[PDB]
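S.K.: part one of the complex, left exactly where it sits:
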Amino acid sequence: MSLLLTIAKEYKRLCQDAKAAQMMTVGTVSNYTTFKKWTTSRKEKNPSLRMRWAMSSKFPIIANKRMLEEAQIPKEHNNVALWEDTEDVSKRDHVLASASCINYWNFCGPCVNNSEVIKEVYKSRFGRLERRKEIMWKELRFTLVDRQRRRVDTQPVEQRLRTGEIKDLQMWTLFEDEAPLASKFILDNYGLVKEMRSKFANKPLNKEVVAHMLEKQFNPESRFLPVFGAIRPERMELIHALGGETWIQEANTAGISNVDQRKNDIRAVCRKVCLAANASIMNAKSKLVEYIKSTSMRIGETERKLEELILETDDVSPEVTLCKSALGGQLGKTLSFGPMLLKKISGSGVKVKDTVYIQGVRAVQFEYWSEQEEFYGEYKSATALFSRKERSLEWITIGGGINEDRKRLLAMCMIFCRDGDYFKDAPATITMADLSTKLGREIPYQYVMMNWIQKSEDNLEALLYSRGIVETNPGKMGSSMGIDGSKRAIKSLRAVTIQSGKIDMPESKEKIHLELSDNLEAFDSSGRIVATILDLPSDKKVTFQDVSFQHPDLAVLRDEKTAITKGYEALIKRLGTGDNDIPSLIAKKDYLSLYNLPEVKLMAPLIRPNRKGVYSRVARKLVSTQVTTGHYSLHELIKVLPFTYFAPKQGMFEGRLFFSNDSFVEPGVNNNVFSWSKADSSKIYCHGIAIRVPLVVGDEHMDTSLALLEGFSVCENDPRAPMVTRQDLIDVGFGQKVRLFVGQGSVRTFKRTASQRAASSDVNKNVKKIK
Amino acid sequence: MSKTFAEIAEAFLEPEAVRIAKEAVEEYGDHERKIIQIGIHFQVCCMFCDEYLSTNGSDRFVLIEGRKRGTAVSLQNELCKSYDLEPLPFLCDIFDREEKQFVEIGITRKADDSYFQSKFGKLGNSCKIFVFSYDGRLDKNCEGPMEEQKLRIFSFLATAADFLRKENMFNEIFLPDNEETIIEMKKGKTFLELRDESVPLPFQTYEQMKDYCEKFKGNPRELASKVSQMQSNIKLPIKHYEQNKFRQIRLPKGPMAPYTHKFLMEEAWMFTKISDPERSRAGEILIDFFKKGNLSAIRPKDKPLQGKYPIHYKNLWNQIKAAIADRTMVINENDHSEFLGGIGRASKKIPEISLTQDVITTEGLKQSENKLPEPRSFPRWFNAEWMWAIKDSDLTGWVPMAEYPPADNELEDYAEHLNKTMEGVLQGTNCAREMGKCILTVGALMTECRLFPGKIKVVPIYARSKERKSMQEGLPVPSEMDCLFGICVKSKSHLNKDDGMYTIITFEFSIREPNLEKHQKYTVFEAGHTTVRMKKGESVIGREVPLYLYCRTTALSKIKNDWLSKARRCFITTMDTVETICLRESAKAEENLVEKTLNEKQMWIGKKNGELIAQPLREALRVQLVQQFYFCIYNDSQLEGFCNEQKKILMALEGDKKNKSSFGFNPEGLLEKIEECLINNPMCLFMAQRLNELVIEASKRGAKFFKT
Amino acid sequence: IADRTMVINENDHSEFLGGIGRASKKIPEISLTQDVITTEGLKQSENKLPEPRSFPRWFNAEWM
Amino acid sequence: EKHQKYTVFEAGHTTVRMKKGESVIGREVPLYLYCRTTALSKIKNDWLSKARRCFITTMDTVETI
């Protein structure tokens, strides 16, 4: 009780000093960030040596007082003095004490049952240990060529996110009292908020610590590291024990976190979405963004939107680049061409147009590049370095591991090189590859012959032979490349040499973004053709625990099931704004208006007519018995409500299974039609998901009843509205302007509001109108 | 961190809404950052408009702000057609079809009045003017917008305000006609003058240099400028075979280099005591329990051999022996004052203010001079010191080494085994002995500097060792003990603002006749006679041998106390250098060659009878350990100059190894820098001469070098 | 199960099979004689026996 | 004690209900997932594949009595 009083009196003393008073008054609160930077700048010159000098003394250490007197005896066992009443050296409320007392309280101290609290705070570290438990071992030795520079996620963890948003999570989970109300992350990514805030908020221990450790928990460290060719981010945590220049170890890849495959699943998701945008070429800009913002991903423990995964994902695939290009995410330093990845290390030049002949006696324009340019090629199990000058490869070296992958590197990079022989081979190219069939769209030519090579096996041999072939001289024996990808060096290709080893990958920290052309082409950096149109033509539909919406062009939607699910979505979505909606009715305790709601009449005809009254009786019963506060489940009210509309008859027959066009919805008992999720706010109707954030008091949501309750917004500061703590905000009803302290000290006012709507579309439609 | 403006804008704002800011910002006005400002305002309008459609296909509002200028003019004349209202000169943002009036929206950071009086001054009552503050302050014309759009726009402006606070962009976002006009860099007349006379060119005014810079286009005249620069630079073509001699290596001439190590190694003598855990745990009381033995009886005679200051050292020795009886602090306040500073005298300082008269009348013979170190010559004894530190001492190990961690089959078996073997080899050597005594005693001094500052204390010179027996009877026990090299004395430990250096007086026992050449710094006495015996298959009585007492004074910097206090580092630098050799070999054969490489691989070690000699890698490992330990002991600025300029010699040598025709440009200058860093340092000159012999033998193997 | 009931993981099954049985590399005897002269890899031979257990309780409930 | 070879998880919750003369709602009960690894010889695959034999060896023993 005096803990606040003494703080108030301390403030009185401080503002009584004018020198501190004016510097406390003048300026924003941000000056604290500077003020803290003005202290304890002095550091000792010697890292260990000064510490040795420190521990030499018997009572060097600064330690707290109150806790020790509370728990344990200050005096010693062996009669070596421990405690005094004197505060010496720096003057702070801590009194000095000997080092060994720490060991004593670690021995005989009276503490119990801290075990479970520790681990899930440090689950980053504890997990990095758990993974080492399951692996097996083998030892050998070799002269090993490691891949020298890869920038690769190390210490990977599920639900990894950017630094700013993880700072938001930090603020929300640490303390509610001072926090800003942060829309973008909390609205979309809620349910990780529920978990983290739930486990860490109830037991107030080591607030700062837990914060700064959670910062590192979700932050994969991507550094520039040597790897020996196992690129899974789990092996990156401990490379040292595994591999090195002379090192080798075995039996690893098996154990991994669930992230590594989930990322690939997201790559397939972006594949299907980009195909959906490919189906209709009327406009590719307006549709794909809809397909993005609509889709909802289910991560193993959490539901998260596709937008915040795409924009903020680490790995840039040829597809992922396309999915990001629709949004405002800037990810550069990546070149994607077909399956191959590329990086540009040198030179520059302009795109020029040259019309060259095919074998069908027809002329088609080819856009080529004249530059002296040195780029690094990247393909599966193979790396290389190429340099092109004036539309023809100048210098080439291959660092690839496998012969076939070497040949693929050579080929693809010849396609991007576009020599004259590129025109000479045209075996039936025009009949199909010339005109891609999509609304009669002519597909670019580099990708045309790329696809011609991806077609069959002999097409690779064609252009492989299109390069000059010569018997290589002695001294090139090891560097020479056969037609089939080997080193025998009897016959070899011209202007190419293999290297024994791998080839290092360049890295640049850069962000570049520009809008995309209507054909799924990204002209970013005023050129550079990074989007590679369609990378791979996989026609397949397979998904697991994935959500789609809004005329997806994939038919998962039955007529009866869309009647049920949309009928529910009317009720769930349309309510929560104000009076004559579910929240005000629940606060009034009046459930009769809730029965008569016009959105229930929409759902009425879909119920089974036989038991309609028999269902309505038990339904009305359940809704009425939950009107008493604290006993009501807020999901069960949505589940049970639609059947209450009809006149209750005394059935005496059990109404557990409610047939709505021959499909049952049970109380509790999450099923195909109605999925009732535990300990988070959501729900699943077959292959799709919906939830309503602003007003949920459902009893299991206790941990965030302060975060979830917000549908509010800011209006004006004019009324004098009693200053209400965040826990007092649940009581003030609708249309009530109230005053609240926000964040780091800025105070604003709100009312019960219709939520912020059309953050994007509001601008997008007008921008489309102005053309 | 965000590196660009588009990053900042697209981060908190809508992606397509930024593009209008970029485009409008490209042409009509030219400012790079201000996109963010209109990035707010523009979007502030859009959410405003879309919200209401008035009972018709046509929308309630129309947006003239985001469009193009010339198009916005005519589209604003459309309103003169439709509603026939006065054609206002100022182009507004939005036109309402329900209210049929002009609408414009400002956004200000400061209190709303400051800007609202500005815009209201511009357009008066002719338009509906709505001025919002990010903080929730509101200023308006007569009627406000509908209650929903108020709430949404205010929430957005609040969140955007919080983002700007997090990125700390505030004064720059201020309204154009107030703060934008002062975007300029403050120009003071002092700074403008300074800049105007700071210019390199014949031009004086900065504006002319600015013009020559911005308008610069270089012609290809730097080829003739570079060839004339080439003609001016006549020299530095370089050929190895022409300079391949390198005039061997120059070496200084003079007196033989002395013993610079703070302790004596080869000639030092030991006193064995089987240690008690509770008695020896102090390590200060170690000598107090030593004195109950025969140590207390030894006394030197007044007439020393080769002593500089005999009577002083003898008296101090008696003060040590008398102190050890009572307590290990020496109480003499007058004695230490002269010995301190390395017989450094405290010199009285006369202020300059009173000194002017003493310049007018010159007295005390006023002058100024500095002194330089006298160069020495290549040491002989150093080789014998190396050969003594190389062989295994009878005591098993001198260096505390912690326990081994638990092991898994794969690596930790290899690592643990390699450490067990290498540790087992290097612990028995005498080099490990000097390492151990250095760690233990310099640690003792390190504690004594915190314990008793400004006090005189008697610190022992000791090393701990447990005895090995491989005869392999199960036996009573292996002997665990500690032995004493000598006694040590510490002076005032006070710490200056600039660097202080403590002074130390070392007394060591020796069984060996002193050599005036290398011991010149040491003051030797005739101490007594010490009994030494052995037991063998022969008779081996052993008689007695005379005991000499070596004394000296040295300076120890606190930094030296630290780096010499941890000598264990040497092991690591040996380990790596050894271990790599075993891997690089074995990794060739893809087999475990480590054990085979250690024993089989031959390393050239020394020369005997004019023949090059080599030893296996396990015993030649001692050579590397001794070399690193000397690097730790003997390190001087001279040594670091020597090695850092020596790497060039080594790289040229291996350049001639693989016949790469290496060259370095002014080898006379390189050998002058190598010569410059050779003065008195024994290790420096030693590695110099050994480098000479390396050049000779290498030139004999094949000649890219010279032999005199 | 969504696509087809075959699992495509070539690395995952290699560790699990053999009952977490590991494939042990075999060194021929002809080259082994030197490794007897110079003993490395800690060469030995041993076999293992099953550990005995005690009378089960649950078995009765399983029967019932 | 008896499951030492099995690796158990906490799988979820499963719904179980009955209908009787009483109310018998049944609510839900937590579902656990037991995992293990075993060895099957082809001979064991066969003799365990035909378990019907047991019936006969019971039948005879019963019928004789």
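M.R.: Perfect, I can see it now. Numbers count the residues shown, from 1 in each chain, chains lettered A, B, ... in the order given.
S.K.: For the stretch 101-250 of chain A, just list every one of the helices.
M.R.: Along the stretch 101-250 of chain A, counting by DSSP state H, counting those that start in this stretch, helices occupy A:115-119, A:123-133, A:163-174, A:183-189, A:192-201, A:207-217, A:233-237.
S.K.: Where does the stretch 551-700 of chain A get nearest to chain D, which residue?
M.R.: In the stretch 551-700 of chain A, the residue that lies nearest chain D is residue A:669 (4.5 Å; CB to the nearest CB). All C-beta atoms are positioned from the backbone trio N, CA, C, and that covers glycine.
S.K.: Find the nearest non-adjacent residue to that residue, please.
M.R.: Leaving aside its sequence neighbours, residue A:669 sits nearest to residue D:15 (CB to CB, 6 or more residues apart in numbering or on different chains; 4.5 Å).
S.K.: I'd like to know how many residues surround that neighbour.
M.R.: Neighbour count of residue D:15, defined by other CB atoms under 10 Å in any protein chain shown: 14.
S.K.: Roughly how far does it sit from chain C?
M.R.: 22 Å (CB to the nearest CB, to the nearest Å).
S.K.: Chain E goes on too:
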Amino acid sequence: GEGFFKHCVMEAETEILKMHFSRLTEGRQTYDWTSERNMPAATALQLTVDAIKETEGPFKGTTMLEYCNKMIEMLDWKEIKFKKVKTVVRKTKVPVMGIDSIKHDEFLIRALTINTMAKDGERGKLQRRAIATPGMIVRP
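M.R.: Placed with the earlier chains, chain E looks like this:
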């Protein structure tokens, strides 16, 4: 590129215009001209800004640009006030804090003044190559 310098300068302008001047305290030791001694950058900057506050009033800039504007504005200042501790003999000398004055002529030289550091931690040279620690007004 043809836009190399324009683009790199764009990035620099971005990062610097964002920058709070408090991050100027991050770095090596620099020369505090108030006491005319070498200090860690944080304390030296505290003395500089504090002296500006006691002379012309508190500094509300909160940006690198406005800090630079104040730096160039001080060069035209004819008088500057310092926090300088002067020893007063009360004979025991108590170093009472004091307020000192300086003229534009001296302040300019103190602003362009750089200080010498006898080299430490340098590896591999017999003779020492000293390192310079420029003042606080030159640093931004």
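S.K.: Take the neighbour count of residue D:15 again, chain E included.
M.R.: Around residue D:15 there are 14 residues (other CB under 10 Å).
S.K.: what do you get for residue A:559?
M.R.: Using other CB under 10 Å, residue A:559 has 8 other residues around it.
S.K.: pull the CA atoms of the strand ranked longest in chain B into PDB?
M.R.: Longest strand of chain B, by residue count under DSSP state E: strand B:544-557. Extracted C-alpha coordinates of strand B:544-557, given in PDB (Å, rounded to 0.1, in the frame of the first residue of the first chain):
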ATOM      1  CA  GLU B 544      76.000 -32.100  -0.900                       C
ATOM      2  CA  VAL B 545      76.200 -29.200  -3.400                       C
ATOM      3  CA  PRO B 546      76.700 -25.500  -2.800                       C
ATOM      4  CA  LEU B 547      73.500 -23.300  -2.900                       C
ATOM      5  CA  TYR B 548      73.600 -19.800  -4.500                       C
ATOM      6  CA  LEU B 549      70.900 -17.100  -4.000                       C
ATOM      7  CA  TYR B 550      70.000 -15.000  -7.100                       C
ATOM      8  CA  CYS B 551      68.400 -11.600  -6.400                       C
ATOM      9  CA  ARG B 552      67.100  -8.900  -8.700                       C
ATOM     10  CA  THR B 553      64.400  -6.200  -9.100                       C
ATOM     11  CA  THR B 554      61.900  -5.900 -11.900                       C
ATOM     12  CA  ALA B 555      58.800  -3.900 -12.900                       C
ATOM     13  CA  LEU B 556      55.400  -5.500 -13.300                       C
ATOM     14  CA  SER B 557      52.600  -3.700 -15.100                       C
END
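S.K.: next up, chain F:
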Amino acid sequence: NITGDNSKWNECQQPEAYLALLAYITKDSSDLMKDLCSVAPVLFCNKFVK
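M.R.: So that you can see how it sits with the rest, here is chain F on the chains above:
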């Protein structure tokens, strides 16, 4: 190849040439930040050394 190392690397470079070069780099960028670029060298073009 050659391994080059430079002596007196700092004493040879001059803030005047850095002023000219900085003026060349800032030519097109902005006149608002260009005056802010040229101010750094001129303080080393007139500089005092204790």
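S.K.: about what we covered before: pull up the pairing partners for the longest strand of chain B, direction included.
M.R.: strand B:501-510 (antiparallel), strand B:523-531 (antiparallel) (DSSP bridges).
S.K.: Distance from the chain centre to that strand, please.
M.R.: 35 Å (CA atoms, centre = their mean, to the nearest Å).
S.K.: do stretch B:621-629 as well
M.R.: For stretch B:621-629, the separation from the chain centroid amounts to 24 Å (computed by CA atoms, centre = their mean).
S.K.: Is it in proximity to chain E?
M.R.: No: if you take CB under 8 Å from any CB of the partner chain as the test, stretch B:621-629 misses chain E, and the best it gets is 16.0 Å.
S.K.: what comes into contact with that stretch?
M.R.: Residues outside stretch B:621-629 that contact it (CB atoms under 8 Å, 6 or more residues apart in numbering or on different chains) are B:386, B:389-390, B:422, B:425-426, B:429, B:431-432, B:434-435, B:567, B:570-571, B:573-574, B:577-578, B:603, B:605, B:615.
S.K.: for stretch B:368-382, same thing?
M.R.: B:251-259, B:515, B:517-518, B:678-680, B:682-683, B:685-686, B:688-689.
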